[PDB]
Each structure stands twice: as structure tokens, then as C-alpha cells.
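Chain A is the first sequence line, chain B the second, and so forth, proteins listed ahead of strands; every chain is numbered from 1. The analysis underlying the following values was restricted to heavy atoms, covering all of them including side chains, and did not include hydrogens, waters or symmetry mates.
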Amino acid sequence: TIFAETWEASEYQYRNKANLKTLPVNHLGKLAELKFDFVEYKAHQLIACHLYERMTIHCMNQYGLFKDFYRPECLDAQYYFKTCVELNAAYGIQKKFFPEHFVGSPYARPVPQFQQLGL
Amino acid sequence: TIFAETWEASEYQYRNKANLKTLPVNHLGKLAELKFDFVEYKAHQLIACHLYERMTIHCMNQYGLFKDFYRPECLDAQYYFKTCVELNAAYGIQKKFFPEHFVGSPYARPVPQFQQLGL
Amino acid sequence: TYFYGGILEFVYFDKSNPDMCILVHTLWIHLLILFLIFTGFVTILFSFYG
Amino acid sequence: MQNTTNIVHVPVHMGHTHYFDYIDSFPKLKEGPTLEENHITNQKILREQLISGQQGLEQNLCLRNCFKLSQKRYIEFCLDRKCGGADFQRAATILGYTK
Amino acid sequence: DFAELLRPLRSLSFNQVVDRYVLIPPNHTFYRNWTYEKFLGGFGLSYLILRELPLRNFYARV
Amino acid sequence: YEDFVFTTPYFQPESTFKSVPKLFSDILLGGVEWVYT
Amino acid sequence: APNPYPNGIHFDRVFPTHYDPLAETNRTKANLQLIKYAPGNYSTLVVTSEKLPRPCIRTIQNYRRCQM
Amino acid sequence: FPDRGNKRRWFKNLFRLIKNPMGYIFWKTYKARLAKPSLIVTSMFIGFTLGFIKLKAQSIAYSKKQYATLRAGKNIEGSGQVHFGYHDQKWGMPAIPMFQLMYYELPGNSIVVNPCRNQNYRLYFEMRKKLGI
Amino acid sequence: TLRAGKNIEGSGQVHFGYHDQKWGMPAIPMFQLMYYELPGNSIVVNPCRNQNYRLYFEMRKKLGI
Amino acid sequence: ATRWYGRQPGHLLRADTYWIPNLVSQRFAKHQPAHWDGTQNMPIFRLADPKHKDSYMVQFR
Ligand SMILES: CCCCCCCCCCCCCCCCCC(=O)OC[C@H](COP(=O)([O-])OCC(O)COP(=O)([O-])OC[C@@H](COC(=O)CCCCCCCCCCCCCCCCC)OC(=O)CCCCCCCCCCCCCCCCC)OC(=O)CCCCCCCCCCCCCCCCC
Ligand SMILES: CCCCCCCCCCCCCCCCCC(=O)OC[C@H](COP(=O)([O-])OCC(O)COP(=O)([O-])OC[C@@H](COC(=O)CCCCCCCCCCCCCCCCC)OC(=O)CCCCCCCCCCCCCCCCC)OC(=O)CCCCCCCCCCCCCCCCC
Ligand SMILES: CCCCCCCCCCCCCCCCCC(=O)OC[C@H](COP(=O)([O-])OCC(O)COP(=O)([O-])OC[C@@H](COC(=O)CCCCCCCCCCCCCCCCC)OC(=O)CCCCCCCCCCCCCCCCC)OC(=O)CCCCCCCCCCCCCCCCC
Ligand SMILES: CCCCCCCCCCCCCCCCCC(=O)OC[C@H](COP(=O)([O-])OCC(O)COP(=O)([O-])OC[C@@H](COC(=O)CCCCCCCCCCCCCCCCC)OC(=O)CCCCCCCCCCCCCCCCC)OC(=O)CCCCCCCCCCCCCCCCC
Ligand SMILES: CCCCCCCCCCCCCCCCCC(=O)OC[C@H](COP(=O)([O-])OCC(O)COP(=O)([O-])OC[C@@H](COC(=O)CCCCCCCCCCCCCCCCC)OC(=O)CCCCCCCCCCCCCCCCC)OC(=O)CCCCCCCCCCCCCCCCC
Ligand SMILES: CCCCCCCC/C=C/CCCCCCCC(=O)OC[C@H](COP(=O)(O)OCCN)OC(=O)CCCCCCC/C=C/CCCCCCCC
């Protein structure tokens with residue numbers, strides 16, 4: 001689990017595997033696509049996957065779930081939120097049980113002890 | 001060291017590296033290119049690198065080392081003999097201290113003990 | 001997985017499920033295209049009307 | 001695995017300029033003294049070393065060359081044969097190899 | 001609206017839900033892909049009608 | 001040894017006479033790939 | 001130049017040739033559409049070692065020196 | 001002034017080619033086709049053209065093989081099957097009768113399900129009799 | 001690269017897989033003003049090499065030359 | 001694991017009119033019943049492998 005608003009982009013990249021995905025920060029530009037009026041505090045936009053969640057609620061309050069919520073600005077927020085929590089759950093588990101897969105871990109490329117050098 | 005006349009070619013090919021050279025048997029065809037008469041027993045032609053050695057001797061007896069030994073049939077025998085013992089010396093060392101490099105060795109891809117499978 | 005499975009490997013799961021549609025009108029168009037090619041072969045090399 | 005992949009252990013800052021990719025700066029980079037300042041600073045060291053650091057030098061150089069040998073038994077042989085019967089621990093203290 | 005998505009379930013029991021929406025009797029005899037054959041096949045049928053436009057100018061039909 | 005220490009575990013000389021029957025394994029330079037067209 | 005020491009390693013282009021280095025006295029030339037021979041027509045097998053970086057060597061010299 | 005009569009002439013010929021390509025091609029090539037080459041030349045044209053198209057189709061298929069290999073977990077530097085390094089190459093079948101009699105391309109429609117699959121229908125005949133059908 | 005120990009499947013630099021390509025300078029003035037090819041004759045030995053000649057001048061004076 | 005599963009050869013029909021030797025020889029062949037032995041892998045045809053003795057004329061590319 002991430003206990004902050006920010007995370008080093010390299011700490012979630014693979015060292016011995018091809019990097020085909022990143023774990024980007026929340027896309028704040030999607031918040032300005034909502035045409036209606038809403039109140040959002042800047043203190044909630046950086047934490048992972050939450051901004052997409054609040055946007056989904058705003059869209060489900062202004063519109064409903066039938067024939068009015070089906071507009072591009074609102075469906076992309078629902079998709080980003082559903083996708084952000086799925087990737088973060090997978091990266092979080094991979095961080096818990098496979099920390100040696102990521103850059104920055106000392107077990108990705110273990111440094112030998114001095115007794116292993118024969119000096 | 002090889003204690004026989006015949007060796008399995010696969011036993012001298014690498015398992016985890018590209019195979020760019022083989023350890024071929026003696027080229028008996030080069031023995032028919034000597035124009036002069038000579039006596040050779042079939043019991044000495046299979047042992048590694050010895051045929052090229054005897055041929056070099058036959059050519060150094062008929063001819064010498066100056067202006068008459070310098071013909072293609074005699075220089076290729078001397079070059080083959082010198083090259084055969086160098087390659088066989090390296091393969092023999094590699095077989096002694098790096099047996100895991102070759103096909104057929106049980107250490108190239110070790111089979112695990114049943115205690116390591118968790119059953 | 002422990003008894004009858006392999007190693008747990010991380011892969012990217014494609015949500016897009018492609019599938020080629022087995023249609024009828026597609027082969028009709030295909031024949032029309034070859035019918036033009038064959039007619040041109042006849043029009044150029046087996047036309048004796050002039 | 002991407003062929004142009006590199007793992008760097010010091011921070012780098014990449015320029016966000018169109019059509020170009022490069023390292024434009026290093027975080028917390030301190031500009032040291034100029035080449036002329038270091039030149040003047042070194043000449044003061046070489047000048048003193050030329051005037052006051054040349055007596056009794058032949059002995060210290062022999063000790064230094066003896067300690068550049070592979071094995072210890074050869075060093076002791078070099079000291080006793082070339083440096084006039086010197087001691088291993090006593091010569092190592094002169095050269096500054098002792099703690 | 002979330003409670004409206006579950007309206008057809010509140011009138012049913014769990015056994016009825018399973019037999020209704022989960023355990024649909026297998027029947028693999030339908031031409032399911034007819035939906036696409038009709039849609040995409042319409043471009044050809046529409047072309048047969050559209051190629052007869054009475055527009056006089058050739059470049060207008062272009 | 002000669003003013004040098006090489007740390008190694010206790011050597012077992014019994015491993016010298018380890019019965020290792022050779023097994024057949026042939027390498028085929030030129031074989032089959034995963035997919036074909 | 002002497003005939004290269006027989007080497008059965010080869011690479012086919014159009015069809016499998018089943019090249020046998022012992023079937024001919026002199027090695028036939030390599031045609032582009034027929035075969036490519038192994039590298040090192042005149043080469044031997046040796047063992048080599050990379051030279052560690054100079055600064056890494058100086059740290060090893062200083063450790064042994066401070067050790068003895 | 002320019003020659004305003006030639007305006008949009010390229011667009012107009014393009015639409016006529018689309019309307020009736022065989023007629024546009026026929027009449028634009030009539031005076032050239034008056035001099036017809038021999039059967040041999042005409043055959044060489046067709047043979048070399050269709051052979052080039054046949055190899056183009058095989059290269060399209062080899063690209064789908066490289067894409068499947070990429071999806072399977074093998075990254076690919078470069079492209080094609082002209083292996084620069086220590087690998088065997090497989091050039092296209094030479095379009096001459098010698099190789100066309102010895103070789104023939106793999107027909108995928110000949111790779112089948114084993115007919116032993118049909119012996120599972122024996123279960124159906126037995127269950128029907130067990131249930132009294 | 002082949003001789004250095006890396007076998008090569010295929011050929012060229014048009015990487016089909018997950019790699020960066022570089023197509024070549026478009027032969028138009030826009031890119032010809034921003035980019036220019038690497039001139040190998042500009043890669044040089046460091047002139048600090050010439051400072052080793054100081055050893056020669058000092059030896060010549062020690063030997064009385 | 002994927003490479004290993006892929007070498008398990010598939011089934012390729014013996015019927016072949018593209019190779020002229022089979023086009024002639026198969027006109028005289030007698031189709032005999034292949035009695036089921038209880039398996040789903042009976043190689044009653046040839047196998048889709050380049051090294052098979054009845055498929056070496058096929059070009060696997
Ligand atoms: C007695 C005299 C008559 C008096 C009555 C007068 C009143 C007449 C009208 C009422 C009766 C109509 C009968 C049919 C019932 C239709 C009811 C209806 O609601 O239809 C609306 C219908 C559907 O609306 P839609 O949802 O928007 O679907 C069209 C979308 O384009 C679709 O786009 P898409 O992407 O969503 O889908 C693609 C689509 C394919 O869509 C397309 O590709 C077409 C796109 C149009 C061309 C693209 C350019 C469009 C440019 C935009 C502007 C166009 C304006 C056109 C305005 C036309 C106004 C009518 O493919 C399909 O989805 C399925 C197609 C397969 C259907 C197969 C045909 C079944 C029809 C029945 C066949 C039997 C009828 C007789 C056969 C025809 C006569 C020989 O609208 C249209 O009809 C569109 C025009 C299509 C041309 C039809 C012309 C037929 C005229 C026949 C007249 C009667 C015969 C005359 C005989 C003369 C002697 C008497
Ligand atoms: C405040 C915000 C503002 C926002 C809006 C900003 C927009 C600014 C608007 C102001 C710009 C226009 C200024 C007025 C121009 C007045 C000049 C004039 O008097 O007419 C000259 C020009 C002269 O033509 P012409 O004398 O009748 O005969 C031409 C010759 O015969 C030659 O014909 P040809 O048969 O002999 O064949 C040669 C021909 C064709 O040769 C070709 O092969 C080129 C084919 C190009 C199209 C196809 C490309 C390939 C890809 C598609 C494949 C399609 C075919 C596939 C076939 C099926 C395949 C199975 O060569 C040409 O390219 C002809 C182009 C016309 C000459 C202009 C000089 C071009 C030189 C540069 C060439 C490269 C550019 C090509 C551009 C495309 C031109 C069509 O007539 C015009 O085209 C006037 C065009 C002005 C239309 C304005 C319409 C309203 C604009 C606003 C609407 C909203 C726009 C919103 C945009 C939003 C942002 C994106
Ligand atoms: C350069 C080297 C590389 C070349 C690469 C290959 C080039 C492309 C190859 C394409 C071949 C496809 C052939 C299709 C069937 C043609 C069969 C036929 O009998 O032809 C007559 C046939 C006309 O017969 P028709 O149906 O009775 O129409 C007459 C009506 O009076 C028409 O009434 P209208 O006069 O009032 O209409 C105005 C007229 C003139 O106006 C124009 O056409 C100009 C603007 C047209 C739009 C631009 C076309 C863009 C491409 C079309 C859309 C994508 C492909 C659609 C599928 C096409 C394939 C069927 O429109 C037409 O000409 C006919 C309509 C054109 C098609 C537009 C609708 C497209 C959608 C089709 C929907 C129905 C099919 C269902 C979907 C199928 C897909 C699953 O021609 C066509 O329909 C189109 C042929 C297009 C050929 C273009 C290139 C030909 C020359 C290639 C040369 C190759 C090099 C070797 C030469 C060696 C020489 C030494
Ligand atoms: C989108 C894809 C893009 C890529 C592909 C692009 C493909 C473009 C091709 C477009 C068409 C080419 C241009 C044709 C112009 C229109 C026809 C014409 O020429 O007017 C008639 C006129 C004379 O013919 P005629 O008036 O009917 O009189 C003949 C008598 O009636 C009766 O005959 P005769 O007794 O007076 O003499 C015997 C006979 C001699 O017999 C022959 O006709 C010789 C042809 C034998 C078959 C050759 C194989 C078929 C080639 C096509 C398949 C390509 C294979 C794959 C290529 C892989 C590598 C790319 O003479 C002829 O009948 C005509 C020969 C004149 C040469 C014909 C033009 C060159 C061959 C076609 C070029 C093919 C290029 C395809 C790929 C290009 C990629 C860049 O020809 C001329 O224009 C004279 C030009 C001078 C030609 C002699 C010197 C040429 C030296 C350059 C040779 C270039 C070879 C290229 C090899 C390609 C790679 C292997
Ligand atoms: C009772 C006595 C016998 C009576 C027999 C009855 C005869 C009836 C004649 C019926 C005529 C049919 C009319 C309709 C066809 C007309 C259309 C046509 O294409 O004619 C060519 C026609 C006329 O061309 P031309 O420039 O006036 O030259 C005319 C002659 O070629 C002359 O050219 P030349 O003056 O320069 O002479 C040089 C000659 C020089 O030739 C020689 O000096 C010696 C030839 C030795 C041949 C050695 C063969 C070795 C074979 C080795 C193969 C081993 C592999 C086997 C595999 C086994 C596997 C285990 O080389 C050639 O001409 C090559 C011509 C190719 C001939 C291929 C057939 C050869 C054998 C035919 C045997 C028929 C029985 C005759 C028995 C007579 C015995 C005395 O070409 C065209 O311009 C029309 C378009 C052609 C487009 C190309 C695609 C056409 C293919 C489809 C055609 C239609 C369907 C199939 C028809 C049959 C085609 C073979
Ligand atoms: C198109 C050929 C017509 C003439 C052919 C003559 C030769 C006849 C030989 C036929 C041999 C019989 C072989 C078996 C045929 C199988 C047909 C098939 O697979 O599709 C059947 C399937 C039945 O649907 P299911 O319920 O899903 O399947 C249940 C299965 N029991 O039929 C369909 O797909 C529906 C579409 C059938 C074709 C529709 C014709 C399209 C033409 C449209 C224009 C007609 C006018 C429309 C006016 C609209 C007015 C509102």
C-alpha cells in the first residue's frame with residue numbers, strides 16, 4: 001500500500017523485465033472536462049485512484065445511470081477508476097511478494113558480501 | 001583426455017551456448033593427397049590428431065623443410081596437426097573444469113531432488 | 001496451483017477480445033474482385049473483337 | 001527488454017525540449033574552483049615540495065618500491081637487500097600505511 | 001438508480017435468479033452472427049439502391 | 001597457505017567415487033520452432 | 001592460406017545441404033543462396049579474462065596492503 | 001492566364017478508373033497492346049508478377065508469426081527472417097519447376113482434429129438408452 | 001555486436017518489438033538545421049597525452065643530453 | 001512450457017495431390033479401418049512436423 005500522495009515512478013518499474021506499463025499520477029485534465037458545476041478540494045486529487053472515484057460520484061449525482069451518464073466525460077472517469085484500483089491492487093501485491101522485480105530494490109541485483117570476494 | 005578412438009560429437013557441443021565449432025574425426029581424405037608412397041596402418045588413423053602427426057612426418061621425410069615441404073598437401077597436414085592438438089587441449093580442459101557446459105552432462109540442467117518439489 | 005499448476009507469472013490481461021466475423025457477403029465481394037481480375041485477363045489476352 | 005535501457009544511481013534532470021532528449025542539469029551541482037585557481041593551488045604545493053621535500057628522498061622511494069611487490073616475503077627481501085636492513089612495520093609507519 | 005438496477009431481483013428468490021439468468025438451457029442452434037450479417041450486408045444492399053441515383057451529373061454521384 | 005587464507009567448507013573426499021551412469025542426450029542443430037506459417 | 005580446420009557448423013539459406021567437412025579436400029566457396037560457414041576460418045579456442053577497472057584495482061591493492 | 005481547361009483533370013481520370021477500370025485500362029493501353037509479345041514473354045510477366053505477390057503474402061504471414069511471438073513473451077529486435085547472425089535461413093521456394101516438384105507449401109486446412117473425437121458420441125447413445133429415449 | 005557475443009535474429013534497425021527506432025534524418029531543411037550526423041574525425045585523443053612528454057624533457061637533462 | 005507444448009505434433013492428413021508421387025501412389029492405396037484403441041491421439045495420419053518421414057516435402061516456415 002502507498003502511504004502518501006506521491007510515489008517515485010522508477011520504484012514501480014521492472015528491472016529485469018520489459019516495461020510496457022507505468023503507474024501514472026491521476027489525470028487532472030479529465031476533471032476540467034465535466035461541464036457541470038462541482039466542488040473539489042485540491043487535497044484529494046493526488047492520492048491514487050480517488051480523483052477518478054469522486055468524479056464518478058459527481059457524474060452519478062448530476063446524471064444518473066441511464067441515458068444521461070452515458071457521455072464520454074463520465075464513462076472515462078468510471079473506466080479510469082475501475083482500472084486504477086485494479087492495477088494498483090496488482091502492483092501492490094507484486095510489491096509485497098515480488099519486491100525483487102522492481103527498480104530500487106536491493107534484491108533485484110543483490111550486492112555480495114565482502115566474504116564472497118575472496119580477499 | 002579421450003581414452004578411445006571414437007567420441008560422441010554431442011558430448012563436445014555446448015548446451016547453453018551457441019555451437020560454432022565441432023570436434024570432428026580425423027579427415028582420412030587428406031591422406032590420399034600425398035603423392036609419394038608411404039605405409040599407414042588403419043589402427044592409427046582414428047585416434048585424435050595422430051593421423052595428421054604421422055602425415056607430417058611422412059612429408060618431412062620424403063621432403064625436408066625448405067622449398068619442397070612447401071606444397072599444399074604437406075602444409076595442410078602440419079596446420080591440421082597443430083590445430084587439432086590445440087583445440088583438443090582446450091576441449092579437454094573445458095571438459096575437466098567445465099563439464100556443465102556440454103550436452104549429456106547431468107549438471108548442464110540439474111534434475112532436482114524429490115525433496116525440493118513439496119509433495 | 002500448488003499441486004497441479006506452474007509458476008505464478010505476471011502477464012497483461014487483454015480486455016479486448018478480437019474475433020473475426022464469419023460472414024457471407026464477404027466471400028461475395030471476394031469473388032467479384034477475382035471476377036474482375038479474371039475478366040481483365042480475358043479482356044487483354046482473349047479478346048478478339050476489333 | 002528495451003535495448004536503450006540504463007540504470008543510473010545518481011540523479012539526472014532531462015530537458016523537456018522539442019525534438020531533443022538530453023541531460024540538461026545535475027541536481028545540487030556545485031561549481032568548484034576554476035582550472036586556473038587549482039593550477040595556482042597546485043603550484044604552491046609543488047613549489048614547497050621542490051624546495052623542502054627533496055632531502056632524504058632516495059630512501060623513501062626505495063621503501064615505496066619495495067611495498068609494490070606481490071608477496072610479503074619479497075618485500076622483506078627488498079627492504080633488507082636494497083633499503084639497508086629496514087623493518088617491515090617500521091617502514092610501513094613512515095609511508096603511512098599503519099593505523 | 002442503483003436500486004433500480006436490482007428491481008427485477010427483489011421480486012425473485014435466489015433459486016429463481018439462478019434458473020432465470022444463470023442456468024439458461026443450452027441451445028447452440030441459433031445463427032447468433034446474423035446480427036452482423038444484416039448490418040454489414042446492408043452496405044451492399046444499400047449500394048445496389050444507391051448506384052441507381054437519378055442524379056444527372058456523373059461527378060455529383062461521385 | 002603461503003601467507004594466504006582461502007576459506008572453503010570441509011571437503012568430502014568420498015564424493016570422488018560417486019557412481020554417475022552416463023545418459024543419452026543428442027543435440028540437433030536444425031530442429032523445430034514454436035510456430036510455423 | 002591453409003584449408004580451414006574442418007568445422008561441421010554451417011547455416012543454410014535455400015535448402016539443407018548436409019555439409020560434411022570431411023567429404024572434400026578443399027572447402028568449396030560459400031555461395032550466398034546455399035550456405036554460410038561458421039565464423040573464424042582460422043581460429044582456436046582459448047580462455048580470456050576482462051581487466052577490472054583501474055580504480056577497483058587500486059582499492060584491492062590498498063586492502064591487501066593494509067591487511068598484511 | 002493558365003490553361004483552365006486542364007483543371008481537375010487528375011481527379012476526373014481517377015473517378016473514371018473507379019467507374020470502369022477495365023474500360024479505362026483497355027482504351028488507354030489499346031495502341032500499346034497492338035504490338036503483342038510472344039507467349040513466352042507474356043507468361044514470364046504473369047509468372048514473375050504472381051510469384052512476387054505469392055512471396056509478399058508469405059511475408060505478411062511471417063509478420064503475424066512475429067507478432068504472435070511478441071505476444072508470447074519474446075521481444076524482437078530488427079525484423080524479417082534474413083538472420084544476420086548464427087541462424088539458419090529459409091529463403092522462399094525458388095519459382096522454378098525443380099523445387100516446385102519436390103516442395104509444396106503447408107496447407108493449413110489439412111491440419112485436422114483427430115477423428116477419435118467422434119468416439120465420444122458413444123456416451124450419448126448409451127445415455128439415451130439408459131434414460132429410455 | 002555479433003563478434004562481441006550477441007547473436008542476431010533478423011537484421012536491420014526497424015525493430016518489430018518493444019524498442020525505440022531511429023529512421024534517419026529527413027532530408028528537409030527543418031531537420032538539417034537542428035541535427036547533424038556524428039563526424040568521427042571529431043572524436044580525439046585527450047591532449048593530456050602530450051603532458052607525458054615532460055618525462056622526456058626531465059630525463060634528457062638528468063642524463064646530460 | 002509453451003515451446004514444449006508446441007512441439008507435441010499436430011495431425012496432418014495423408015491425402016495429398018500436390019506431391020506427384022503421392023498423387024500416383026495413393027490411387028493404389030487401400031484404406032483400412034483404424035480401430036479405436038481408447039485414445040484421442042491415434043496418429044492414423046501423418047504428423048505436422050518438418051522432420052516426419054511423410055511430411056519432409058512440406059515447407060514449414
Ligand atoms: C404506395 C406508394 C408508397 C406510399 C408510401 C410512402 C411512404 C414511404 C415510406 C414508408 C414505407 C417504407 C417501407 C420500409 C419501412 C421503413 C420504416 C422506417 O422507419 O425506415 C426508416 C429508415 C431507417 O432509419 P435509420 O435507423 O437511420 O437507418 C438508416 C441508417 O443509415 C443506417 O445506418 P447504420 O450504420 O446504423 O446501419 C447500416 C445499414 C445500412 O445503411 C446504409 O448504409 C444506408 C445509408 C444511406 C446512404 C448513405 C448516404 C446518406 C446521406 C445522408 C442523407 C440521406 C437522406 C436520405 C433521406 C431519405 C428519406 C426516406 O445496415 C443495416 O443496418 C441493415 C440494412 C439491411 C436491411 C435490408 C433492407 C430491408 C428493407 C426492406 C426491403 C424491402 C423494401 C423494398 C426494397 C427496396 C426498393 C427496391 O430510414 C431509411 O429508410 C433510410 C433511407 C434508406 C433508403 C430507403 C429507400 C426505400 C424507398 C422505398 C419506397 C417504397 C418502394 C417504392 C416503390 C415505388 C412504386 C410504388
Ligand atoms: C480563425 C480560425 C480559422 C479556422 C479555419 C482555418 C482554415 C483556413 C481556410 C483558408 C484556406 C483556404 C484559402 C482559400 C483558397 C482559395 C484559393 C482558390 O481560389 O482555389 C484554389 C484551388 C484550385 O483548384 P482548381 O483550380 O479548381 O483545380 C486544381 C487543379 O486542376 C489541380 O487538380 P488536378 O486534377 O490537376 O490534380 C492535381 C491536384 C491533385 O493532386 C493530387 O494528387 C493530390 C490529391 C490530394 C488529395 C488526396 C490525398 C491522398 C490521400 C487520400 C486518398 C484520396 C483518393 C483515394 C482514391 C480511392 C483509393 C482506392 O493537385 C492539388 O493538390 C490541387 C490542390 C489545389 C491547389 C492548391 C495548391 C496545392 C499545392 C500543395 C499541394 C499539397 C497539398 C494537397 C492538399 C489537398 C488538395 C486536394 O481550389 C481549391 O481547392 C480551393 C480550396 C479552398 C476550400 C476552402 C473551403 C472552406 C475552408 C474552411 C472550412 C472549415 C475548415 C476547418 C479546418 C479545421 C482545422 C483543420
Ligand atoms: C496503384 C497501385 C496499387 C493499387 C492497389 C489496389 C487499388 C484498389 C483496388 C480496389 C479493387 C476493388 C474492386 C471492386 C469491384 C470492382 C468490380 C468491377 O466490376 O469494377 C467496376 C465497378 C463499378 O461497377 P458498378 O458496381 O456497377 O458501379 C457502377 C455504377 O454505375 C456506379 O454508379 P455512379 O456512377 O453513380 O457512382 C459514381 C462512381 C464514381 O465515383 C467514385 O467511385 C469516386 C469516389 C469513390 C469513393 C472512393 C473509393 C474508396 C474505396 C471504397 C471504400 C473502401 C473499399 C470498399 C470495398 C470495395 C471493394 C468492393 O462510383 C463508382 O465508380 C462505384 C462506387 C465506388 C465504391 C464506393 C462505395 C464503396 C463502399 C462499397 C460498399 C459496398 C460493398 C460492401 C462493403 C465491402 C467491404 C466488406 O467499380 C467499382 O465499383 C469500384 C472499383 C474500384 C477500383 C479502383 C482501382 C482500380 C484499378 C486498380 C489498378 C491496379 C493496378 C494494376 C493495373 C494494371 C494496368 C496495366
Ligand atoms: C505498389 C507496388 C509498387 C512496386 C511495384 C511497381 C511495379 C511497377 C511496374 C510497372 C510497369 C513497368 C513499366 C512498363 C511501361 C509500360 C509498358 C512498356 O514498357 O511499353 C512497351 C515498350 C516496348 O514494348 P512493345 O512496344 O510492346 O514492343 C515489344 C514487341 O511488341 C514484342 O516484344 P519484342 O520482340 O519487341 O522484345 C521482346 C520483349 C522482351 O520481353 C520482355 O517484355 C521482358 C519482360 C520479361 C518479364 C520480366 C519479369 C516480369 C516483371 C514484373 C514482375 C516483377 C518480379 C518481381 C520483382 C522483384 C524485385 C523488385 O519486349 C517487350 O515486350 C517489352 C520489354 C520492355 C521492358 C518492359 C518493362 C520492364 C519490365 C517490367 C518491369 C517490372 C517491374 C516490377 C517491379 C519494379 C519494382 C521497382 O517498353 C518500353 O517502355 C521500352 C523501355 C525500354 C525497355 C528496355 C530496357 C529496360 C531496362 C530496365 C529493365 C528494368 C527491369 C525491372 C526488373 C524488376 C525487378 C526484377
Ligand atoms: C497433327 C499435327 C499436330 C496438330 C496439333 C494440333 C495443334 C492445335 C493448336 C491449337 C491452338 C489452340 C489455340 C488456343 C490457344 C491460343 C492462345 C495461346 O495462348 O496461344 C499462345 C499465343 C500465341 O503466341 P505466339 O507469340 O504467336 O507464339 C506461338 C507459338 O508459341 C510459336 O512461337 P515460335 O514461332 O517462336 O516457336 C518457338 C517455339 C520453339 O519450340 C521448339 O522449337 C521445340 C519445343 C520443345 C519443347 C520441349 C519441352 C520439354 C519439356 C520439359 C518439361 C519437363 C517437366 C515435366 C514434369 C513431369 C513431372 C514428372 O517455342 C514456343 O513457341 C513456345 C510455345 C509454348 C508451347 C507450349 C506447348 C508445347 C508442346 C505442345 C504440344 C502440342 C502437340 C503438338 C505436337 C507436334 C509434334 C510435332 O499467345 C498469345 O499471344 C495469346 C495470349 C497468351 C497469354 C499467356 C497465357 C496463355 C495460357 C492460356 C491459353 C489458353 C488455354 C490453354 C491453351 C494451350 C496453351 C498451351
Ligand atoms: C439465400 C438463398 C435463398 C435461395 C436458396 C435456395 C437453395 C436452398 C437450399 C437450402 C438448403 C438448406 C440448408 C440449411 C440452411 C440453413 C440456414 C441458416 O443457417 O440460417 C437459419 C436462420 C434461422 O435463424 P435461427 O432462429 O437463429 O436458427 C434456428 C435454427 N433452427 O436464418 C437466419 O439467419 C435469418 C436470415 C435468413 C436469410 C434472410 C434473407 C435476407 C434477405 C432480406 C430481404 C427480405 C425482405 C425483408 C423485408 C423486411 C420487412 C420488415
Side-chain angles (χ1 to χ4, degrees), chain B residues 1-9 11-14 18-95, chain F residues 29, chain G residues 1-13 17-48, chain H residues 86, chain I residues 2-3:
Chain B
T1 303
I2 305 182
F3 301 100
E5 311 193 78
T6 62
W7 57 93
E8 294 295 347
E11 288 181 336
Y12 292 89
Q13 303 302 110
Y14 305 138
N19 289 279
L20 310 176
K21 286 190 183 304
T22 56
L23 195 68
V25 301
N26 290 331
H27 193 339
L28 309 181
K30 295 306 209 75
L31 189 63
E33 297 289 42
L34 307 184
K35 311 304 297 183
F36 60 92
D37 305 71
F38 62 96
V39 186
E40 264 294 347
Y41 297 114
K42 305 291 188 182
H44 306 154
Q45 66 183 9
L46 294 185
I47 173 161
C49 311
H50 188 52
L51 184 68
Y52 306 138
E53 178 171 296
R54 301 177 66 84
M55 299 160 58
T56 302
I57 300 169
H58 286 125
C59 299
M60 288 176 177
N61 288 338
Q62 183 69 5
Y63 321 104
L65 282 299
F66 315 94
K67 193 180 68 177
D68 293 0
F69 185 80
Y70 280 73
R71 58 209 305 128
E73 54 268 14
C74 312
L75 298 176
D76 296 8
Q78 186 186 9
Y79 176 76
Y80 276 24
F81 164 58
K82 176 61 172 181
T83 307
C84 191
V85 303
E86 288 176 327
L87 285 166
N88 275 273
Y91 274 104
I93 289 166
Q94 191 178 21
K95 267 281 184 179
Chain F
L29 297 176
Chain G
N3 277 313
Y5 188 76
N7 186 346
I9 298 302
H10 66 284
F11 308 102
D12 303 86
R13 323 308 229 180
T17 56
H18 303 300
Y19 169 70
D20 183 8
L22 307 178
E24 59 179 353
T25 297
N26 306 318
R27 196 177 73 173
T28 170
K29 64 170 72 64
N31 299 133
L32 280 168
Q33 80 293 18
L34 295 180
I35 198 178
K36 177 173 70 181
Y37 292 118
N41 298 346
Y42 312 97
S43 57
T44 59
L45 176 61
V46 306
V47 70
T48 188
Chain H
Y86 309 133
Chain I
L2 187 66
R3 302 253 304 195

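The shortest distance between side-chain heavy atoms of B:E86 and B:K82 falls below 4.5 Å. With a 4.5 Å cut-off on side-chain heavy atoms, B:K21 and B:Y12 do not count as touching. Within the 4.5 Å cutoff, the side chain of B:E40 has heavy atoms near those of the B:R54 side chain. Two residues are said to be in side-chain contact when any heavy atoms from C-beta on lie closer than 4.5 Å; G:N7 and B:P24 fail this criterion. Contact check for B:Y80 versus B:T56: no side-chain heavy atoms found under the 4.5 Å cut-off.
G:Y42 places a side-chain N or O within donor-acceptor distance of the main-chain N or O of G:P2, the cut-off being under 3.5 Å.
Taking B:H27 as the reference, nothing meets the ring-ring contact (aromatic ring centres under 6.0 Å, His included) condition, with sequence neighbours excluded. In this view, G:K36 satisfies the salt bridge (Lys or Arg N to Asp or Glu O under 4.0 Å) rule with no residue, not counting sequence neighbours. Judged as a ring-ring contact (aromatic ring centres under 6.0 Å, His included), and not counting sequence neighbours, B:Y41 has no contacts. Taking the side chain to side chain donor-acceptor pair (under 3.5 Å) definition, one finds that B:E73 meets it with B:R71, sequence neighbours left out. Contacts of B:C84 classified as disulfide bond (SG atoms under 2.5 Å apart), with partners at least two apart in sequence or in another chain: B:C49.
Both tests do not hold together for B:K30 against B:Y52: distance to the six-membered ring centre under 6.0 Å, angle to the ring axis within 45°.
Taking every heavy atom of both residues into account, B:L87 and G:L45 meet most closely at CD2-N, 3.9 Å. Contact detail for B:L65 and B:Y70: the closest heavy-atom pair is O-CE1, 3.6 Å. Scanning both residues, B:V25 and B:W7, for their nearest heavy atoms gives CA-CZ2, 3.9 Å.
Atom CG of B:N61 is surrounded by more than 12 heavy atoms from other residues, nucleotides or ligands within 6.0 Å. Heavy-atom neighbours of B:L46 CG from other residues, nucleotides or ligands within 6.0 Å: above the threshold of 12.
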Using side chain to side chain contact (heavy atoms under 4.5 Å, CB included), reason through B:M60 and B:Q78 one step at a time and then give a plain yes or no.
CA-CA 10 Å; B:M60 288 176 177; B:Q78 186 186 9; 4.2 Å; yes
Could you go step by step and tell me if B:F69 and B:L75 meet the side chain to side chain contact (heavy atoms under 4.5 Å, CB included) rule?
CA-CA 7 Å; B:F69 185 80; B:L75 298 176; 3.9 Å; yes
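The aromatic ring centres of G:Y37 and G:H10 sit 6.0 Å or more apart.
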Got a list of side-chain donor-acceptor pairs under 3.5 Å for residues 19-30 of chain G, not counting sequence neighbours?
| residue | atom | partner | partner atom | Å |
| --- | --- | --- | --- | --- |
| G:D20 | OD1 | G:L22 | N | 3.1 |
| G:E24 | OE1 | G:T28 | N | 3.4 |
| G:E24 | OE2 | G:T28 | N | 3.0 |
| G:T25 | OG1 | B:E33 | OE2 | 3.1 |
| G:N26 | OD1 | G:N3 | ND2 | 2.5 |
| G:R27 | NH2 | G:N41 | OD1 | 3.2 |

